[PDB]
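A single chain comes next, written as structure tokens; it is the form deposited without the named molecule.
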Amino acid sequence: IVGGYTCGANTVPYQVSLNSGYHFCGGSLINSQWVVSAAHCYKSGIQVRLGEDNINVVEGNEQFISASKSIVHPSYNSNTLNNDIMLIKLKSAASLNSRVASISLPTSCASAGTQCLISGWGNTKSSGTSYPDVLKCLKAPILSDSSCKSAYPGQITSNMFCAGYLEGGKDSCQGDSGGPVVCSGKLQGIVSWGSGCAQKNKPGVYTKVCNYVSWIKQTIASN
């Protein structure tokens, strides 16, 4: 399988589903009490769902915990999607185990050509509407900034990166907003946006988490 595939149940134990009566976004557990997602996923009355695979069926490993708090990045711009990052605090601590685990924050930014893992539940179809029920995965390289910016001239900031293939075919667009991009075991990316869907010279665009680590640590410690 070159591209999107079924992860396997609980193979991505940091992966979280944000539910408002339905699954609406992804997010990542970064410690027992906190979740990172995209600021475009901001909503009232989130329930965070951990240990999911099939989000429509109770399979036994789940943990369902209300969000108590959401903090959108102070410089989030919802027009440009610049600084598309939000922190979500859990009402009760998650219970950590094999299937429900934190993902580390990066100590450095990952370089172009680094292979990363992108996960989520969202739409599989570049052309049409098909929403799958178990966790899906994609492995794609981080693209060079030149290649990213040339695909979206005037749209890419320092706080974004692109990942995938310049030919398209394989991408995450609506393919799970707020979901993780993990590279060498560290959280590098958040599924942010992407013009079209797996279009030729239209990659995925991700929030560059390595720019935010000071923000995330300071904010979680003070809240």
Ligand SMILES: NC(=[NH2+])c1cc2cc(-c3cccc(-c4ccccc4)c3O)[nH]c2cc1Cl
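For every residue, the number given is its place in the sequence shown, counted from 1. Superpose the two forms; the largest set of C-alphas matching within 1.5 Å is the rigid core. Only residues modelled in both forms are compared.
The discussion below concerns the form solved in complex with the named molecule, not included here.
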- Please overlay the site onto where the named molecule binds in the deposited bound form and tell me whether the pocket on the shown chain stays open or is blocked (3 or more ligand atoms within 2.4 angstroms of backbone or C-beta atoms). blocked
- Query: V209 near the named molecule in the deposited bound form, any heavy atom under 4.5 Å?
  - Reply: no
- If you check in the deposited bound form, is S28 within 4.5 Å of the named molecule, heavy atoms only? no
- Determine whether any heavy atom of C173 comes within 4.5 Å of a heavy atom of the named molecule in the deposited bound form, and answer yes or no. yes
- Message: So, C41 and the named molecule: in the deposited bound form, are they within 4.5 Å at any heavy atom pair?
- Response: yes
- Query: What residues, if any, in 178-194 have a non-hydrogen atom within 4.5 angstroms of the named molecule in the deposited bound form?
  - Reply: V191, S192, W193, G194
- Query: Listed by sequence position, which runs of three or more consecutive residues have C-alpha shifts of 2 Å or more between the shown form and the other one, the rigid core held fixed?
  - Reply: 1-3
